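Novice: Quick one, data13.pdb (PDB, C-alpha atoms):
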```
MODEL        1
ATOM      1  CA  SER A   2      14.511  15.820  -6.532
ATOM      2  CA  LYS A   3      17.673  14.389  -4.777
ATOM      3  CA  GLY A   4      15.794  11.251  -3.631
ATOM      4  CA  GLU A   5      14.574  11.138  -7.224
ATOM      5  CA  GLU A   6      18.085   9.898  -8.060
ATOM      6  CA  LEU A   7      17.524   6.757  -5.954
ATOM      7  CA  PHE A   8      14.832   5.496  -8.298
ATOM      8  CA  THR A   9      16.422   5.740 -11.744
ATOM      9  CA  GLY A  10      16.691   1.922 -12.064
ATOM     10  CA  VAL A  11      15.262  -1.313 -10.660
ATOM     11  CA  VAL A  12      15.076  -1.246  -6.828
ATOM     12  CA  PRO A  13      14.921  -4.401  -4.607
ATOM     13  CA  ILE A  14      12.153  -4.327  -1.930
ATOM     14  CA  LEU A  15      11.577  -6.052   1.437
ATOM     15  CA  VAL A  16       8.172  -6.024   3.192
ATOM     16  CA  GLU A  17       7.353  -7.034   6.766
ATOM     17  CA  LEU A  18       3.872  -6.826   8.328
ATOM     18  CA  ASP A  19       2.886  -7.868  11.818
ATOM     19  CA  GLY A  20      -0.807  -7.867  12.579
ATOM     20  CA  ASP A  21      -3.558  -8.403  15.082
ATOM     21  CA  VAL A  22      -7.132  -8.690  13.902
ATOM     22  CA  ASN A  23      -9.773  -9.074  16.551
ATOM     23  CA  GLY A  24      -7.005 -10.634  18.662
ATOM     24  CA  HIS A  25      -5.782 -13.132  15.932
ATOM     25  CA  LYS A  26      -1.963 -12.488  15.648
ATOM     26  CA  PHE A  27      -0.291 -13.055  12.276
ATOM     27  CA  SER A  28       2.753 -12.111  10.176
ATOM     28  CA  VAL A  29       3.453 -11.462   6.511
ATOM     29  CA  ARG A  30       6.795 -11.265   4.691
ATOM     30  CA  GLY A  31       7.430 -10.361   1.091
ATOM     31  CA  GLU A  32      10.120  -9.270  -1.384
ATOM     32  CA  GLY A  33      10.319  -8.062  -4.957
ATOM     33  CA  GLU A  34      11.406  -5.127  -7.072
ATOM     34  CA  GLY A  35      10.136  -1.704  -8.161
ATOM     35  CA  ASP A  36      10.804   0.419 -11.253
ATOM     36  CA  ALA A  37       9.506   3.955 -10.789
ATOM     37  CA  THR A  38      10.585   4.937 -14.267
ATOM     38  CA  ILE A  39       7.760   2.754 -15.628
ATOM     39  CA  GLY A  40       5.657   2.783 -12.446
ATOM     40  CA  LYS A  41       5.669  -1.008 -11.825
ATOM     41  CA  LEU A  42       5.953  -3.141  -8.639
ATOM     42  CA  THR A  43       6.252  -6.921  -8.389
ATOM     43  CA  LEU A  44       6.138  -8.615  -5.015
ATOM     44  CA  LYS A  45       5.508 -12.038  -3.510
ATOM     45  CA  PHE A  46       4.059 -12.556  -0.015
ATOM     46  CA  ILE A  47       3.991 -15.475   2.396
ATOM     47  CA  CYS A  48       2.230 -15.806   5.654
ATOM     48  CA  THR A  49       4.787 -16.813   8.261
ATOM     49  CA  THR A  50       2.525 -17.674  11.162
ATOM     50  CA  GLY A  51       0.398 -20.294   9.452
ATOM     51  CA  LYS A  52      -3.066 -19.669   7.991
ATOM     52  CA  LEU A  53      -3.807 -16.088   7.032
ATOM     53  CA  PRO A  54      -6.870 -15.007   9.112
ATOM     54  CA  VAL A  55      -8.040 -12.216   6.729
ATOM     55  CA  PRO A  56      -8.327 -12.351   2.943
ATOM     56  CA  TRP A  57      -5.214 -11.487   0.910
ATOM     57  CA  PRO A  58      -7.011  -8.702  -1.008
ATOM     58  CA  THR A  59      -7.709  -6.796   2.243
ATOM     59  CA  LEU A  60      -3.960  -6.332   2.698
ATOM     60  CA  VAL A  61      -2.955  -5.286  -0.835
ATOM     61  CA  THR A  62      -3.046  -1.580   0.054
ATOM     62  CA  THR A  63      -1.124  -1.957   3.276
ATOM     63  CA  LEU A  64       1.604  -4.148   1.722
ATOM     64  CA  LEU A  68       5.066   1.738  -1.845
ATOM     65  CA  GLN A  69       3.971   4.972  -3.526
ATOM     66  CA  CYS A  70       7.546   6.109  -4.078
ATOM     67  CA  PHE A  71       7.336   3.725  -7.057
ATOM     68  CA  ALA A  72       4.734   5.806  -8.897
ATOM     69  CA  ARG A  73       5.689   7.182 -12.276
ATOM     70  CA  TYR A  74       5.476  10.969 -12.090
ATOM     71  CA  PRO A  75       5.388  12.520 -15.590
ATOM     72  CA  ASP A  76       7.951  15.257 -16.304
ATOM     73  CA  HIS A  77       5.557  18.133 -15.903
ATOM     74  CA  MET A  78       4.643  16.776 -12.436
ATOM     75  CA  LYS A  79       8.033  15.934 -10.793
ATOM     76  CA  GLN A  80       7.689  18.894  -8.418
ATOM     77  CA  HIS A  81       4.671  17.168  -6.840
ATOM     78  CA  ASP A  82       6.413  13.891  -5.900
ATOM     79  CA  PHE A  83       6.637  14.124  -2.090
ATOM     80  CA  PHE A  84       7.404  10.366  -1.822
ATOM     81  CA  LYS A  85      10.863  10.295  -3.430
ATOM     82  CA  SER A  86      11.761  13.765  -2.140
ATOM     83  CA  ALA A  87      11.625  12.160   1.304
ATOM     84  CA  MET A  88      14.352   9.466   0.662
ATOM     85  CA  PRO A  89      16.966   7.957   1.809
ATOM     86  CA  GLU A  90      15.610   8.455   5.091
ATOM     87  CA  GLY A  91      11.939   7.850   4.471
ATOM     88  CA  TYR A  92       8.404   8.546   5.640
ATOM     89  CA  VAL A  93       5.821   7.097   8.017
ATOM     90  CA  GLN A  94       2.614   6.072   6.269
ATOM     91  CA  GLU A  95      -0.499   5.848   8.450
ATOM     92  CA  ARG A  96      -3.979   4.685   7.556
ATOM     93  CA  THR A  97      -7.402   3.948   8.799
ATOM     94  CA  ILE A  98      -9.127   1.463   6.537
ATOM     95  CA  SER A  99     -12.845   1.309   7.199
ATOM     96  CA  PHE A 100     -14.883  -1.678   5.936
ATOM     97  CA  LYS A 101     -18.543  -0.860   5.134
ATOM     98  CA  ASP A 102     -20.466  -2.993   7.585
ATOM     99  CA  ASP A 103     -17.525  -4.405   9.435
ATOM    100  CA  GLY A 104     -14.292  -3.675  11.362
ATOM    101  CA  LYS A 105     -11.460  -1.228  10.724
ATOM    102  CA  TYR A 106      -7.663  -1.590  10.284
ATOM    103  CA  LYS A 107      -5.298   1.032  11.733
ATOM    104  CA  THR A 108      -1.896   0.805  10.047
ATOM    105  CA  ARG A 109       1.537   2.395  10.641
ATOM    106  CA  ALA A 110       4.439   1.781   8.217
ATOM    107  CA  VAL A 111       8.049   2.904   8.090
ATOM    108  CA  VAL A 112       9.209   3.188   4.463
ATOM    109  CA  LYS A 113      12.933   3.849   3.933
ATOM    110  CA  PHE A 114      16.197   2.701   2.441
ATOM    111  CA  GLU A 115      18.430   0.215   4.172
ATOM    112  CA  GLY A 116      21.530   0.086   2.023
ATOM    113  CA  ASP A 117      20.313  -0.578  -1.502
ATOM    114  CA  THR A 118      16.984  -2.061  -0.390
ATOM    115  CA  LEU A 119      13.756  -0.197   0.090
ATOM    116  CA  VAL A 120      12.040  -1.454   3.223
ATOM    117  CA  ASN A 121       8.344  -1.353   4.226
ATOM    118  CA  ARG A 122       7.784  -2.375   7.918
ATOM    119  CA  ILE A 123       4.203  -2.316   9.100
ATOM    120  CA  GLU A 124       2.094  -2.768  12.233
ATOM    121  CA  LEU A 125      -1.617  -3.440  11.790
ATOM    122  CA  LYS A 126      -4.378  -3.445  14.397
ATOM    123  CA  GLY A 127      -7.797  -4.683  13.241
ATOM    124  CA  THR A 128     -10.873  -4.272  15.480
ATOM    125  CA  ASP A 129     -14.626  -4.997  15.555
ATOM    126  CA  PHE A 130     -14.937  -7.345  12.641
ATOM    127  CA  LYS A 131     -17.932  -9.645  12.353
ATOM    128  CA  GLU A 132     -17.199 -13.369  12.740
ATOM    129  CA  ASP A 133     -19.057 -14.172   9.492
ATOM    130  CA  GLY A 134     -18.535 -10.883   7.640
ATOM    131  CA  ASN A 135     -16.846 -10.750   4.238
ATOM    132  CA  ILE A 136     -13.406 -10.446   5.918
ATOM    133  CA  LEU A 137     -13.173 -12.956   8.832
ATOM    134  CA  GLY A 138     -15.487 -15.164   6.850
ATOM    135  CA  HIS A 139     -13.178 -15.178   3.796
ATOM    136  CA  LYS A 140     -15.795 -14.251   1.197
ATOM    137  CA  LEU A 141     -13.769 -11.964  -1.066
ATOM    138  CA  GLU A 142     -12.723 -12.865  -4.627
ATOM    139  CA  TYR A 143      -9.017 -13.262  -5.445
ATOM    140  CA  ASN A 144      -8.709 -10.252  -7.763
ATOM    141  CA  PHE A 145      -8.443  -6.501  -7.567
ATOM    142  CA  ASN A 146     -10.077  -3.484  -9.124
ATOM    143  CA  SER A 147      -8.789  -0.108 -10.313
ATOM    144  CA  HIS A 148      -8.707   2.943  -8.004
ATOM    145  CA  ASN A 149      -7.452   6.559  -7.898
ATOM    146  CA  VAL A 150      -5.563   7.681  -4.800
ATOM    147  CA  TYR A 151      -6.390  11.366  -4.160
ATOM    148  CA  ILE A 152      -3.404  13.295  -2.653
ATOM    149  CA  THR A 153      -3.315  16.675  -0.823
ATOM    150  CA  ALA A 154      -0.492  18.656   0.765
ATOM    151  CA  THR A 155      -0.277  19.469   4.494
ATOM    152  CA  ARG A 156       2.158  21.917   6.176
ATOM    153  CA  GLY A 157       3.053  22.001   9.907
ATOM    154  CA  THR A 158       2.630  25.014  12.253
ATOM    155  CA  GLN A 181       3.787  17.390  12.916
ATOM    156  CA  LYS A 182       5.731  18.915   9.913
ATOM    157  CA  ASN A 183       5.303  19.108   6.086
ATOM    158  CA  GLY A 184       3.602  15.943   4.808
ATOM    159  CA  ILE A 185       0.707  14.753   2.731
ATOM    160  CA  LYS A 186      -2.791  13.263   3.116
ATOM    161  CA  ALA A 187      -4.654  10.928   0.825
ATOM    162  CA  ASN A 188      -8.159   9.418   0.644
ATOM    163  CA  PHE A 189      -9.781   6.814  -1.544
ATOM    164  CA  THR A 190     -12.275   3.965  -1.526
ATOM    165  CA  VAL A 191     -11.352   0.422  -2.555
ATOM    166  CA  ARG A 192     -13.955  -1.899  -4.041
ATOM    167  CA  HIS A 193     -13.553  -5.569  -3.132
ATOM    168  CA  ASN A 194     -15.429  -8.108  -5.245
ATOM    169  CA  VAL A 195     -17.542 -10.441  -3.042
ATOM    170  CA  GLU A 196     -18.268 -14.165  -3.804
ATOM    171  CA  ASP A 197     -22.003 -13.567  -4.297
ATOM    172  CA  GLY A 198     -21.526 -10.849  -6.930
ATOM    173  CA  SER A 199     -21.759  -7.901  -4.554
ATOM    174  CA  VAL A 200     -19.138  -5.304  -3.536
ATOM    175  CA  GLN A 201     -17.312  -4.681  -0.240
ATOM    176  CA  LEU A 202     -16.221  -1.121   0.214
ATOM    177  CA  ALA A 203     -13.053  -0.213   2.059
ATOM    178  CA  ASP A 204     -12.489   3.494   2.662
ATOM    179  CA  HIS A 205      -8.868   4.611   3.115
ATOM    180  CA  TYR A 206      -7.647   7.695   4.985
ATOM    181  CA  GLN A 207      -3.866   8.271   4.735
ATOM    182  CA  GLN A 208      -1.153  10.422   6.340
ATOM    183  CA  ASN A 209       2.507  10.550   5.301
ATOM    184  CA  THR A 210       5.218  12.298   7.421
ATOM    185  CA  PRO A 211       8.944  12.560   6.457
ATOM    186  CA  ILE A 212      11.399  10.841   8.831
ATOM    187  CA  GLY A 213      14.217  13.389   8.378
ATOM    188  CA  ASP A 214      14.329  17.198   8.483
ATOM    189  CA  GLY A 215      15.640  17.739   4.971
ATOM    190  CA  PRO A 216      13.486  19.711   2.536
ATOM    191  CA  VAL A 217      10.573  17.729   1.030
ATOM    192  CA  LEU A 218       8.256  18.662  -1.799
ATOM    193  CA  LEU A 219       4.694  19.809  -1.031
ATOM    194  CA  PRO A 220       2.397  18.881  -3.965
ATOM    195  CA  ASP A 221      -0.602  20.591  -5.465
ATOM    196  CA  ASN A 222      -3.701  18.399  -5.427
ATOM    197  CA  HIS A 223      -3.416  15.403  -7.793
ATOM    198  CA  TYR A 224      -3.949  11.676  -7.927
ATOM    199  CA  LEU A 225      -2.240   8.310  -8.449
ATOM    200  CA  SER A 226      -3.981   5.965 -10.769
ATOM    201  CA  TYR A 227      -3.571   2.352  -9.610
ATOM    202  CA  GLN A 228      -4.062  -0.818 -11.594
ATOM    203  CA  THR A 229      -3.405  -4.142  -9.868
ATOM    204  CA  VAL A 230      -3.236  -7.880 -10.678
ATOM    205  CA  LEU A 231      -3.304 -10.731  -8.123
ATOM    206  CA  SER A 232      -1.940 -14.136  -9.075
ATOM    207  CA  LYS A 233      -0.266 -17.242  -7.832
ATOM    208  CA  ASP A 234       3.046 -18.900  -8.341
ATOM    209  CA  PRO A 235       2.200 -22.250  -9.967
ATOM    210  CA  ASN A 236       5.111 -23.870  -8.059
ATOM    211  CA  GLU A 237       4.498 -22.543  -4.535
ATOM    212  CA  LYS A 238       2.843 -24.789  -1.944
ATOM    213  CA  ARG A 239       2.638 -22.025   0.704
ATOM    214  CA  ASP A 240      -0.403 -19.850   1.061
ATOM    215  CA  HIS A 241       0.810 -16.730  -0.737
ATOM    216  CA  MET A 242       0.080 -13.733  -2.961
ATOM    217  CA  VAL A 243       1.841 -12.444  -6.121
ATOM    218  CA  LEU A 244       1.060  -8.735  -6.495
ATOM    219  CA  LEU A 245       1.591  -6.681  -9.620
ATOM    220  CA  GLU A 246       1.016  -2.872  -9.448
ATOM    221  CA  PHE A 247       1.009  -0.228 -12.181
ATOM    222  CA  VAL A 248       1.024   3.330 -10.900
ATOM    223  CA  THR A 249       1.053   6.653 -12.758
ATOM    224  CA  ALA A 250       0.601  10.105 -11.255
ATOM    225  CA  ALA A 251      -2.020  12.272 -13.008
ATOM    226  CA  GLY A 252      -4.683  14.892 -12.564
ATOM    227  CA  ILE A 253      -2.670  17.978 -13.435
ATOM    228  CA  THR A 254      -2.510  19.293 -17.022
TER     229      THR A 254
ENDMDL
END
```
Transcribe the structure of this file into structure tokens.
Specialist:
Amino acid sequence: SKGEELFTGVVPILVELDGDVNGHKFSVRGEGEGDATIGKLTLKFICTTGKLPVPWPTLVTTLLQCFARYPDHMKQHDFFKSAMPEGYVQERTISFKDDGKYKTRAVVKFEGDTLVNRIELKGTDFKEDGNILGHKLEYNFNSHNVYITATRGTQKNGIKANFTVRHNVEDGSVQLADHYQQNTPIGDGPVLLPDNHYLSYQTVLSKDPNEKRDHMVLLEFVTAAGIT
């Protein structure tokens, strides 16, 4: 409700990811803006260590839920903003159906006027010619609901989420990626504990027609729902 105030207009965003997949080290950097009042993100990413060793779509979910639009009747259930300035840790296991897993840890917080997402990612046990290390995913995204639940302490008060992403494969098939999420507040200020509900995501991947670097332009539309 107080952190709510930080998102009344357009907010500039920085993103830094450092990764290791099956020993291949790599880095991503991105910037853009978010407008929680209309639930939109825009971001551009570059790979700063050379060739990206995993497909861009596999990173979309790792590379800002505080930018969801929560409808009026649901503002009490927005943990994400109620955790700002000061932020939250966002942890995930992303399991790929017949392939490796990513473990991710992010710090999401304000630094001055900028909202920062800094992430470590460890990827293990991928197949050399799977859909991931073999770069066989299509450059597009599908639509998914992120299911959120509360969780008190006895850590401290945070949330959990779960959901399954569906990656389109070259050959017409689908590559499932199951996500299991934990979010813990950085500070000790009051945060809001939500009833069960979900975030509906819609996502577009494109290119900048004038950019020679291997990159990704990500557009996200996010609205909270699932409570009348």
Novice: To verify the selection step, state as a list in words which residues the PyMOL selection byres ((chain A and resi 25-30) around 9) yields on this input.
Specialist: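 Applied to this file, the PyMOL selection byres ((chain A and resi 25-30) around 9) selects residues 15, 16, 17, 18, 19, 20, 21, 22, 23, 24, 31, 32, 45, 46, 47, 48, 49, 50, 51, 52, 53, 54 and 64 of chain A.
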Novice: Could you turn the residues from that selection into a file that holds C-alpha atoms, as a JSON list (two decimals), in the coordinates of the input?
Specialist:
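Contents of result20.json, as written:
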```json
[["chain", "number", "residue", "atom", "x", "y", "z"],
["A", 15, "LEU", "CA", 11.58, -6.05, 1.44],
["A", 16, "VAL", "CA", 8.17, -6.02, 3.19],
["A", 17, "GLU", "CA", 7.35, -7.03, 6.77],
["A", 18, "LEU", "CA", 3.87, -6.83, 8.33],
["A", 19, "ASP", "CA", 2.89, -7.87, 11.82],
["A", 20, "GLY", "CA", -0.81, -7.87, 12.58],
["A", 21, "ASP", "CA", -3.56, -8.40, 15.08],
["A", 22, "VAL", "CA", -7.13, -8.69, 13.90],
["A", 23, "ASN", "CA", -9.77, -9.07, 16.55],
["A", 24, "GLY", "CA", -7.00, -10.63, 18.66],
["A", 31, "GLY", "CA", 7.43, -10.36, 1.09],
["A", 32, "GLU", "CA", 10.12, -9.27, -1.38],
["A", 45, "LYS", "CA", 5.51, -12.04, -3.51],
["A", 46, "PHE", "CA", 4.06, -12.56, -0.02],
["A", 47, "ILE", "CA", 3.99, -15.48, 2.40],
["A", 48, "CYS", "CA", 2.23, -15.81, 5.65],
["A", 49, "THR", "CA", 4.79, -16.81, 8.26],
["A", 50, "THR", "CA", 2.52, -17.67, 11.16],
["A", 51, "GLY", "CA", 0.40, -20.29, 9.45],
["A", 52, "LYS", "CA", -3.07, -19.67, 7.99],
["A", 53, "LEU", "CA", -3.81, -16.09, 7.03],
["A", 54, "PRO", "CA", -6.87, -15.01, 9.11],
["A", 64, "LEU", "CA", 1.60, -4.15, 1.72]]
```
Novice: Evaluate the PyMOL selection byres ((chain A and resi 105-111) around 6) on the structure here and hand back the selected residues as a PyMOL selection string.
Specialist: chain A and resi 93-100+104+112+121-128
Novice: Create the file for the chosen residues now, containing C-alpha atoms and written as a compact mmCIF listing (two decimals), keeping the file's coordinate frame.
Specialist:
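Final output, saved to again_36.txt:
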```
# COMPACT_ATOMS: atom_id res chain seq x y z
CA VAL A 93 5.82 7.10 8.02
CA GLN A 94 2.61 6.07 6.27
CA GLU A 95 -0.50 5.85 8.45
CA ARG A 96 -3.98 4.68 7.56
CA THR A 97 -7.40 3.95 8.80
CA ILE A 98 -9.13 1.46 6.54
CA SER A 99 -12.84 1.31 7.20
CA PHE A 100 -14.88 -1.68 5.94
CA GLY A 104 -14.29 -3.68 11.36
CA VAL A 112 9.21 3.19 4.46
CA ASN A 121 8.34 -1.35 4.23
CA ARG A 122 7.78 -2.38 7.92
CA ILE A 123 4.20 -2.32 9.10
CA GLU A 124 2.09 -2.77 12.23
CA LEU A 125 -1.62 -3.44 11.79
CA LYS A 126 -4.38 -3.44 14.40
CA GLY A 127 -7.80 -4.68 13.24
CA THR A 128 -10.87 -4.27 15.48
```
Novice: Residues at most 10 Å from residue A:253, counting all atoms listed in the file, excluding those fewer than 5 positions away in the same chain, as a CSV table (one decimal) with C-alpha atoms, in the frame of the given file?
Specialist:
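Below you can see out02.csv, which holds the result:
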```csv
chain,number,residue,atom,x,y,z
A,75,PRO,CA,5.4,12.5,-15.6
A,77,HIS,CA,5.6,18.1,-15.9
A,78,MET,CA,4.6,16.8,-12.4
A,81,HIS,CA,4.7,17.2,-6.8
A,221,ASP,CA,-0.6,20.6,-5.5
A,222,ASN,CA,-3.7,18.4,-5.4
A,223,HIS,CA,-3.4,15.4,-7.8
A,224,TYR,CA,-3.9,11.7,-7.9
```
Novice: Near stretch 211-220 of chain A, within 8 Å and counting only C-alpha atoms, which residues show up once chain neighbours fewer than 3 positions away are dropped, as a count of residues only?
Specialist: 19
Novice: Quick one: pull the distance between atom CA of residue A:14 and atom CA of residue A:228, Å, one decimal.
Specialist: 19.2 Å
Novice: Could you tell me how far atom CA of residue A:144 lies from atom CA of residue A:57, in Å and to one decimal?
Specialist: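 Answer for the atom CA of residue A:144 to atom CA of residue A:57 separation: 9.4 Å.
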Novice: Would you please work out which residue, of A:147, A:249, A:210, A:194, is nearest to residue A:42 when using all atoms listed in the file?
Specialist: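 Of the candidates, the smallest distance to residue A:42 is held by A:249.
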Novice: What do you get, as a ChimeraX atom specification, if you spell out every residue that the PyMOL selection byres ((chain A and resi 233) around 10) selects here?
Specialist: /A:45,143,231-232,234-237,240-244
Novice: What is the atom CA of residue A:203 to atom CA of residue A:74 distance in Å?
Specialist: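 A separation of 25.9 Å between them.
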Novice: I need the residue nearest residue A:202 from this list: A:254, A:229, A:149, A:59. Use all atoms listed in the file for the distance.
Specialist: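 Smallest distance to residue A:202 is found for A:59.
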Novice: Counting only C-alpha atoms, I want the residues whose atoms come within 9 Å of (-5.6, 3.6, 1.7) in the file frame, returned as a list in words.
Specialist: residues 62, 63, 95, 96, 97, 98, 150, 187, 188, 189, 190, 191, 203, 204, 205, 206 and 207 of chain A
Novice: Could you check which of A:113, A:239, A:139, A:131 is closest to residue A:193, using only C-alpha atoms?
Specialist: A:139
Novice: As a compact mmCIF listing (two decimals) with C-alpha atoms, in the frame of the given file, please: the residues near stretch 4-9 of chain A (cut-off 9 Å, only C-alpha atoms, same-chain neighbours under 6 positions excluded).
Specialist:
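The result, written out as result02.txt:
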```
# COMPACT_ATOMS: atom_id res chain seq x y z
CA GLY A 35 10.14 -1.70 -8.16
CA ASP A 36 10.80 0.42 -11.25
CA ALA A 37 9.51 3.96 -10.79
CA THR A 38 10.58 4.94 -14.27
CA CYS A 70 7.55 6.11 -4.08
CA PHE A 71 7.34 3.72 -7.06
CA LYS A 79 8.03 15.93 -10.79
CA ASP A 82 6.41 13.89 -5.90
CA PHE A 84 7.40 10.37 -1.82
CA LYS A 85 10.86 10.30 -3.43
CA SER A 86 11.76 13.76 -2.14
CA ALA A 87 11.62 12.16 1.30
CA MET A 88 14.35 9.47 0.66
CA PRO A 89 16.97 7.96 1.81
```
